[PDB]
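Secondary and tertiary structure notes
Next come the chains, spelled out residue by residue.
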Amino acid sequence: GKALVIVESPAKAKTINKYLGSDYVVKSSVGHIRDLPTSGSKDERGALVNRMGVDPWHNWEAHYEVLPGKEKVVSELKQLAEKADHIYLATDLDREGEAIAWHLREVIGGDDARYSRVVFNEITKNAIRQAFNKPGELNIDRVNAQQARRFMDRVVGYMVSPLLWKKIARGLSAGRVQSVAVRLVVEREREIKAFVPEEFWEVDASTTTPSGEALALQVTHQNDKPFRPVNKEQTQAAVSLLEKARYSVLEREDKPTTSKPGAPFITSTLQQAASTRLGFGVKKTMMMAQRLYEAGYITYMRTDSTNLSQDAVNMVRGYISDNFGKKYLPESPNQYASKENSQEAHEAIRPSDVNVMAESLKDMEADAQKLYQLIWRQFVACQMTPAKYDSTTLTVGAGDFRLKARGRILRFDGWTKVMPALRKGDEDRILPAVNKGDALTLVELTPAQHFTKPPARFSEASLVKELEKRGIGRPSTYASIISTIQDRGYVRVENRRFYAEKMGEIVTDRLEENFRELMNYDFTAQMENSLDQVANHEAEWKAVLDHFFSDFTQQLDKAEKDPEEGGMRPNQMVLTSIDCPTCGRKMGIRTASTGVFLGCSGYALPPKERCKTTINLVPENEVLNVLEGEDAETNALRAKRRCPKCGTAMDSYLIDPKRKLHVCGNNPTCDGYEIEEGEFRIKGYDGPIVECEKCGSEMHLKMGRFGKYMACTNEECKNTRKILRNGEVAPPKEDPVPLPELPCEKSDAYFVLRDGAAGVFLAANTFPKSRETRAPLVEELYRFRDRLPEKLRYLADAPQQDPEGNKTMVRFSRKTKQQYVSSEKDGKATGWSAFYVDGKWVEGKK
Amino acid sequence: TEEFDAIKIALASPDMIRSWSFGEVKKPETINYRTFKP
Ligand SMILES: [Zn+2]
Ligand SMILES: [Zn+2]
Ligand SMILES: [Zn+2]
């Protein structure tokens, strides 16, 4: 027989082929072969259900579809399935793999006795052998759960997005879990901007023992109360009183301390670790983890189970016993408990073979070697003996004041040996062995000034931790949430920290007001739990979908109504005194999907009195200083102006090289604005950075009726070049003869000759649409020699054919910045080229 | 001509060599072939 195994990745195909062999043919079904419709390719409801594909009213008929370019793979798979006798669906463990397997099954057909569903948590010889030995049936319940999730997300996206376009702005999007993540980020932004840092001082003391050892302490009580001076003068007075006073070590405390290793990684823990230690965010972490799994070195990277197989435990215990030895074993395995709702059938993220060191990963990029090293170190650590520390605490008294030191010294290191700390902590030091009731001699003392930390801005990993705490989303979702909140323009990530765009605040407020049930964290968690119940087969998918859809439709039909009826409030204006360059009027501050901008109230006046003039802002970037550490965010908050009408901080924008604009955090709910010539941090336009040959200024990339094009930033220069098929920058035009006699082949347009730094090329009169480009032939140029400008005529003089009679083409040598002509046969270069050396054509072999 | 009496030699200060030069050359091109012009 020949048995066909269908696997999503090609790398997964290669790795599984390593262990399957000659009896099995492995075919890589790249991605989702079958998906709901995307492109355009009571009639309003009909068009809505055709756009969705899903029809919620007619019992969720789905109209799945197979996307452009999948059909080739579908044909190949069908042919192989006709050839093969048993078809093996070896997708990944999770619901996405089950959905892919179901799609494959349904396309190929023959369902009942021709499909085996293979389930392995690692691509290794023993795991694959055990998986193929007894294959499973396709678990339709998990497929139904995945379909339910997909249907919910498409229902919410397509039904909400036109509402947001009408009320707020075109080019918005919405999503069930996405909106709740944006709500989390916006709530933290509001907590931060509300915060008003207090000020507190601290004093530090330097002391020597009678035995000449040296000790440094911190001062924490005055008059038996907490020591916390409010101002400089108070601190200086305290320092004086301290210096005058005489010090004695009235307290001597000691105690052992133990530290246990961390649990083996679940996906959220792996993302947090990779962010903190290696700096990888979410996308890079999961991409490298997927590569490491597909290569076969680590277990499946979507898990919330800390469980480990007996095989894993025995392997790692063997490794510890052999390398480290008995002191680091310890006597019995370190158990770790995952959530009761976790996929306890799954394993943790662990090495597939503990002896494979990270350096040995010849075929993994260095970042993936680092991620594997992190996984390996954690896995080894988790089973080792706890570290052992002994700790000393000292308190010293002088006058009205008491001052403290704490120190720990490290005496067995077992798990810390494999998994060291990134840096020494404040308590990772040696306090000298002062006696109980010892004496001390004194050295000069230092004050310090501090401002209370605001709540810390989310990192990608700390947002994933927050989601994991609340129960919003699941291990497979987290990377998609973190990506989509950025891609959709409601949140931006900078300094590895999350910042919330004003449009995210507007949309968050509107969605909270209208769709309070959808946006509430508890109902999101309960929905996720109900999908988990579906996957358990505790619940019926269509049922919960109907319940969701009924509630959602009630809330939508309420929300659609007029604002006086109680629907979604419009994007209300806030108004400021500035003169519109077209009509001088007062100007107001506005938010669009593009950003935050300055608009003139004539936009709301009918055509007769309409004004479309707009002014375009650049926000000040916060530049957090890594060297300031924990201070870096606090000082950023200190840097901001504060609104006159309210305590909320203000956010800053640049309107002229002479002028700068401050806007309140609760805009447009708060209407405070400030204008100042003083100019904090500034930015500008970008795109393929090109140099304008006409004025030497910077040239940027812009699109529109000219589609992909490049225009110079100088207001005195309107020079424009164009993007072509296979070149960067943008040859301008100079010779944009609309050669009507050369027709396009992929479209009905006609070719036009353009010039630029890339060279001389032919492009469709509709590059924005046709975007069809090809290099001209010498015979083609000779056909239309007359239309060529005076300079380019030399190209027409170049020899049209090589000595072999093949046809020539005009090319641009970037290393020499000159045009030449080269011949090609069968699409490959013939190796013959002619250049123009001193008024004659030097032809020769390349 | 210059009626020098002796010859002196020393290391070249960068300001001195920059003072010698009547310009900086920044690109590898040598001579045009379309017209024999630099
Ligand atoms: Zn105006
Ligand atoms: Zn305000
Ligand atoms: Zn220019």
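If you check the header, you'll see the entry was determined by cryo-EM and the resolution is listed as 4.3 Å.

So, about the overall build of chain A. Scanning chain A for helices and strands turns up 22 helices and 32 strands. Taken over the C-alpha atoms alone, chain A extends approximately 105 × 80 × 75 Å along its principal axes. Counting across all 846 residues of chain A, residues that qualify as buried make up 47%. If you average the places of the 126 positive and of the 121 negative side-chain charges in chain A, the two averages end up 2 Å apart.

Bringing the sheet that holds strand β16 (residues 595–600) of chain A into the picture now. Residue and element names in this part refer to chain A. Strands sit in the order β14-β15-β16-β17 across an open sheet of 4 strands; the sheet is antiparallel. The outermost strands of the open sheet, each flanked by one partner alone, are β14 (574–576) and β17 (614–616). Averaged over all pairs of adjacent strands, the angle between their axes in this sheet comes to 35°, without regard to strand direction. In this structure, β14 lies alongside strand β15 (residues 587–592), joined through 3 bridges in antiparallel fashion. Across the sheet, residue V574 finds its bridge partner in β15, namely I589.

This part is about the coordination of the zinc ion (ligand 3). Residues and elements named next belong to chain A. In this structure, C692 (SG), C695 (SG), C712 (SG) and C717 (SG) serve as the protein donors to the zinc ion (ligand 3), at separations of 2.3 Å. Coordination at the zinc ion (ligand 3) comes from 4 donor atoms whose angles at the metal span 106 to 113°, giving a geometry best classed as tetrahedral. Positions of the donor residues of the zinc ion (ligand 3), expressed as sequence spacing, correspond to C-x2-C-x16-C-x4-C. Residue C695 is located in the loop between β22 (690–691) and β23 (698–702), and its partner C717 is located in the loop between β24 (709–712) and β25 (720–722); the two are separated by 22 residues in the primary sequence.

Here we come to the pairing of strand β13 (residues 497–500) of chain A. All names here are of chain A. Of the strand pairs in this sheet, strand β12 (residues 491–494) and β13 are connected by 4 bridges, and their pairing is antiparallel. The residue bridging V493 from the neighbouring strand is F498, located in β13. Counting the residues that bridge the hairpin from β12 to β13 gives 2 residues, and of these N495 lies at a positive phi of roughly 55°.

We now examine the coordination of the zinc ion (ligand 2). Residues and elements named next belong to chain A. Those donors, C643 (SG), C646 (SG), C664 (SG) and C670 (SG), are the protein atoms that reach the zinc ion (ligand 2), and they lie 2.3 Å from it. Coordination at the zinc ion (ligand 2) comes from 4 donor atoms whose angles at the metal span 106 to 116°, giving a geometry best classed as tetrahedral. For the zinc ion (ligand 2), all donor residues lie on one chain, and their spacing in sequence is C-x2-C-x17-C-x5-C. Pair noted here: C646 is in the loop between α20 (631–639) and β19 (650–654) and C664 is in strand β20 (residues 660–664), with a separation of 18 residues, a long-range link. On the basis of relative accessibility, which here comes to 1%, the residue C664 falls in the buried class.

Reading guide: rules and limits
Each chain carries its own residue count, running from 1 in the order of its written sequence; this scheme can depart from the entry numbering, and residues that have no coordinates do not appear. Starting at A for chains and at 1 for ligands, labels are handed out in the order in which the entities are written. Part of a larger assembly is shown; the reported values describe that part exclusively. Side-chain calculation: all heavy atoms of the structure are included, whereas hydrogens and water are not. Secondary structure elements are taken from DSSP: a helix is a run of H or I of four residues or more, a strand is a run of E of two residues or more, and numbering for both begins at the N terminus. Between buried and exposed lies partly exposed: a residue is buried under 20% and exposed over 50% of the maximum accessible area for its type, with that area taken using a 1.4 Å probe on protein chains only. Charge assignment: positive for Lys and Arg, negative for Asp and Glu; neither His nor the chain ends contribute. In plain terms, the charge of a residue is placed at NZ if it is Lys, CZ if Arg, CG if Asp and CD if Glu. Paired strands are those between which DSSP finds at least two bridges. Lines fitted to C-alpha atoms define the axes, with helix axes restricted to the stretch in contact, and inter-axis angles between N-to-C directions lie between 0 and 180 degrees. In this listing, donors mean N, O and S atoms no farther than 2.8 Å from the metal, or 3.2 Å for Na, K and Ca; water is missing from the atoms, so a site can look incomplete. Square planar and octahedral sites, with four and six donors, are those where opposite donors lie more than 155 degrees apart and all other angles lie between 65 and 115, tetrahedral sites have four donors with every angle between 85 and 135 degrees, and the rest are irregular.

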